[PDB]
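Undergrad: Experimental structure and sequence below.
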Amino acid sequence: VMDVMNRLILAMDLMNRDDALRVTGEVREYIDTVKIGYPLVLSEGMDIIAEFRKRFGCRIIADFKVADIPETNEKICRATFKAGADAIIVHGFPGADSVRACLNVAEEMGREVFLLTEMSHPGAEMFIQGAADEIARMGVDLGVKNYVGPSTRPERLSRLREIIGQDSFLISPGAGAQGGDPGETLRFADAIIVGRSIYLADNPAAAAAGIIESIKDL
Amino acid sequence: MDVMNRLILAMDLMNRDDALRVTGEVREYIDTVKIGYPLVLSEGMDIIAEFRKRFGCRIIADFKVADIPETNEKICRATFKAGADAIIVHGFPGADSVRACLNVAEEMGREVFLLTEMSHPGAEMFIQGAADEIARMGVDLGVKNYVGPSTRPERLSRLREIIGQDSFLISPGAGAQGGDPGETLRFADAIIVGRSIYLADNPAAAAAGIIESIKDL
Ligand SMILES: O=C1CC(=O)N([C@@H]2O[C@H](COP(=O)(O)O)[C@@H](O)[C@H]2O)C(=O)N1
Ligand SMILES: O=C1CC(=O)N([C@@H]2O[C@H](COP(=O)(O)O)[C@@H](O)[C@H]2O)C(=O)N1
């Protein structure tokens, strides 16, 4: 599995190139894995992945929550990996064929797929939560090795970890701004994803260092 | 929304030159183009403005928005800043995530299309069972534009029943995926067509043929 420095992944959702680069650079000594999503990509272009690689020694996880039909999913994954992303996050709710399409491209292109099971926001309780365990089991059956689960619901994150097993890689968003606790989350997840708590802080570096200090024993 | 010939072109070619050329070849048959991530991630968001400058067509950004409320808001803002007239959002992530999109759309004078049930086989695993409820959620939220499957006319009909005749419904799956244009238009206001047109030996002839088959509609 990828070796995530300090078990901390930066969710860089600033939409300004200058600010995104500044903040990422300031926390560079604490994080070597950055999650880049659509807020930044749709604002600055896919070349932002190239710029981050050039400026920082960081792995890039493209958080595109791929959720289309198989044919379109394949195209999205191809374009994303072509741009330099190490991995891509895919939704499991659209079904097995849609996930398989992503896995096939990742396999042929030498990259990785992360399967998003349950989400961290309140709305996730309406439809996603009830299908989450099955989505996770589907991922295991499909050979998925990387997963995403909610920091906001430790009880659910714990069950997801059981389903996927100790060998699978699990990252989790929701700590900080959304209310999740870093320490408790790391009891189940290999790494935590943190965005606003860091990038909106007066001193992002101090914020990142503070989070790391609170989980030093882990 | 007034869609010319009840036909929306799904421009999923991933090369700017080909995308512009093919769209130009069928421009006389359409005035609404659906641009998704295959083209946007390959050529950039500036492609949307290029389409509006060259064709003056309506642009529906098919981004299957499916994130938390906060991120959904940012995605919608970036998308409308690029000139998209509407955006397609997944309903599966819940009401709060859809509301986030509705708010930005209202603020920028755009429309949100709620994707209920999808057209591919995998949609039967989790989406189909929640589709009716997702549609009712749309009604409760005041959503007026929806997306339903051409590949399952019975499901498309049910969606139409739930949202009513006043709501706008567009439907993908006609052609390549097996759906029938005419049958789909019994329930949807407009059909989305991609490969059957953009992968045809003669895109213009393909579009003309589809329109000829639904002439009475
Ligand atoms: O269930 C999920 C999945 C996900 O990727 N995310 C993403 O994780 C990040 C969370 O950031 P933040 O720490 O709440 O600011 C954002 O980029 C979200 O889009 C989430 O919050 N919940
Ligand atoms: O359920 C759905 C939703 C959707 O947007 N789409 C999109 O509609 C288009 C269908 O294209 P095609 O006519 O099968 O080539 C693609 O851009 C898909 O991503 C779909 O096929 N099924």
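TA: Looks like it arrived, so ask away. Numbers count the residues shown, from 1 in each chain, chains lettered A, B, ... in the order given. Ligands and ions are numbered 1, 2, ... in the order given.
Undergrad: Secondary structure class of residue A:63, three-state.
TA: Following DSSP: H, G, I helix; E, B strand; the rest coil, we place residue A:63 in the strand state.
Undergrad: ok, what's across the strand from it?
TA: residue A:37 (DSSP bridges).
Undergrad: and it, how many residues sit next to it?
TA: Residues within reach of residue A:63, counting by other CB atoms under 10 Å in any protein chain shown, total 29. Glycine gets a C-beta too; all of them are placed from N, C-alpha and C.
Undergrad: likewise the one 3 residues further on?
TA: Residue A:66 is surrounded by 26 other residues when neighbours are defined as other CB under 10 Å.
Undergrad: show me the residues around residue A:139 that make contact.
TA: A:92, A:99, A:115, A:117, A:147, A:164 (CB atoms under 8 Å, 6 or more residues apart in numbering or on different chains).
Undergrad: Tell me where chain A has helices.
TA: Ranges of helices in chain A, per DSSP state H, are A:17-26, A:38-44, A:47-55, A:70-82, A:96-109, A:128-142, A:154-164, A:182-185, A:196-199, A:204-214.
Undergrad: Would you mind saying which of these lies nearest ligand 2?
TA: Nearest to ligand 2, of all these, is helix A:70-82, at 3.5 Å by CB to the nearest ligand atom.
Undergrad: For ligand 1, give me its nearest residue in chain A.
TA: residue A:195 (2.7 Å).
Undergrad: Does that residue touch residue A:12 like I think?
TA: Yes - using CB atoms under 8 Å, residue A:195 is in contact with residue A:12, at 7.4 Å.
Undergrad: The two: who's more crowded?
TA: residue A:12 (27 against 24).
Undergrad: Dig out what that one forms beta bridges with.
TA: Under the criterion used (DSSP bridges), residue A:12 bridges to residue A:36.
Undergrad: what's near enough to touch it?
TA: By CB under 8 Å, 6+ apart, the contact list for residue A:12 reads A:20, A:23, A:24, A:34, A:35, A:36, A:37, A:40, A:195, A:199.
Undergrad: Now for those residues: which two are most distant?
TA: A:23 and A:37 (14.5 Å; CB to CB).
Undergrad: burial of residue A:110, as a residue count?
TA: When neighbours are defined as other CB under 10 Å, residue A:110 has 8 of them.
Undergrad: same check, this time on residue A:200
TA: Residues near residue A:200, counting by other CB under 10 Å: 14.
Undergrad: before we move on, what about the one 5 residues further on?
TA: Taking other CB under 10 Å as the criterion, the count of residues near residue A:205 is 16.
Undergrad: got the buried residues for stretch A:164-180?
TA: Buried residues in stretch A:164-180, counted by 16 or more other CB atoms under 10 Å in any protein chain shown: A:164, A:168-178, A:180.
Undergrad: Kindly reformat these as JSON lines containing distance to residue A:51.
TA: Output for those, formatted as JSON lines (distance: CB to CB, whole Å):
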{"residue": "A:164", "distance to residue A:51": "33"}
{"residue": "A:168", "distance to residue A:51": "31"}
{"residue": "A:169", "distance to residue A:51": "26"}
{"residue": "A:170", "distance to residue A:51": "29"}
{"residue": "A:171", "distance to residue A:51": "23"}
{"residue": "A:172", "distance to residue A:51": "27"}
{"residue": "A:173", "distance to residue A:51": "23"}
{"residue": "A:174", "distance to residue A:51": "28"}
{"residue": "A:175", "distance to residue A:51": "27"}
{"residue": "A:176", "distance to residue A:51": "26"}
{"residue": "A:177", "distance to residue A:51": "25"}
{"residue": "A:178", "distance to residue A:51": "28"}
{"residue": "A:180", "distance to residue A:51": "30"}
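Undergrad: Among the residues you listed, which lie within strands?
TA: Members of those lying in strands (criterion: DSSP state E): A:169, A:170, A:171, A:172, A:173.
Undergrad: Format those residues as JSON lines; extra columns: distance to residue A:143.
TA: Formatted as JSON lines, these follow (distance: CB to CB, whole Å):
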{"residue": "A:169", "distance to residue A:143": "13"}
{"residue": "A:170", "distance to residue A:143": "16"}
{"residue": "A:171", "distance to residue A:143": "18"}
{"residue": "A:172", "distance to residue A:143": "21"}
{"residue": "A:173", "distance to residue A:143": "23"}
